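Just below is one structure, and these are the notes that go with it.
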Amino acid sequence: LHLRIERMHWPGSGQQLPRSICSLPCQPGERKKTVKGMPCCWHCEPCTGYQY
Amino acid sequence: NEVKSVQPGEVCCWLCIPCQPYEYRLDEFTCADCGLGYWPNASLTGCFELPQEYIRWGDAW
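Okay, structure coming up:
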């Protein structure tokens, strides 16, 4: 896997290798960050209320 | 008393979540609700009126 990211690897737009991702991280914290059956993606239900 | 929580996702496999006990069911895919002072229908088919309360002639108070 000998890549070279500094070897002008930007895919033509933005900066630092823009990414495809199904769901962003949710730093405040999520009731389950509940994943569906496909494990690479999740729904963020937040820790609202006393359940934190 | 329950609604199919949505996830179009990979496939049309639904979750189930019971509505807010005061929120009825006007759509199978989403609950419904009405003004304060009101209530859900038993089958959750619409808004229902909770019966007015007052100091009655014969009550203990």
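For the protein sequence lines, the chains are A and B, in the order given.
Taking full-length UniProt numbering, the leading residue of the first sequence gets 499, the next gets one more, and so forth.
Taking full-length UniProt numbering, the leading residue of the second sequence gets 507, the next gets one more, and so forth.
We put the CB at the ideal spot given by N, CA and C, even for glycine.
*For the beta strand (DSSP E) that contains B/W545, what are its first and last residues?*
Where B/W545 is concerned, the enclosing beta strand (DSSP E) stretches over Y544 to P546.
*Listed by chain order, chain A residues near B/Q513 by CB distance under 9 Å*: One finds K534 and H541 in chain A with Cβ atoms closer than 9 Å to the Cβ of B/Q513, taken in chain order.
*Does B/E508 come within less than 8 Å of chain C when only Cβ atoms are used?*
Chain labels in this structure do not include chain C; the protein chains are A and B.
_For A/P544, three-class secondary structure by DSSP_ = DSSP places A/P544 in strand when its eight states are reduced to three.
*Residues near A/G527 by beta carbon distance below 8 Å, same chain, minus five either side*: Same-chain partners within the cutoff: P544, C545 and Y550.
*Does the beta-carbon of A/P509 have 16 or more other beta-carbons within 10 angstroms, so that it is buried, or is it exposed?*
Burial is judged here by how many other beta carbons sit within 10 angstroms of a residue's own beta carbon; A/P509 has fewer than 16 and is exposed.
_the segment 507–517 of chain B / the segment 526–540 of chain B touching (three or more Cβ pairs under 8 Å)_ = Flag = yes, the segment 507–517 of chain B and the segment 526–540 of chain B touch.
*What do you reckon, are the CB atoms on B/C525 and B/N507 nearer than 8 Å?*
In contact: B/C525 and B/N507 (Cβ atoms closer than 8 Å).
*Take B/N547 and list the residues in its own chain whose beta-carbon comes closer than 8 Å to its own, dropping the five residues that flank it on each side.*
For B/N547, same chain residues with a beta-carbon under 8 Å away, outside a window of 5 residues either side, are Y530, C553 and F554 in chain order.
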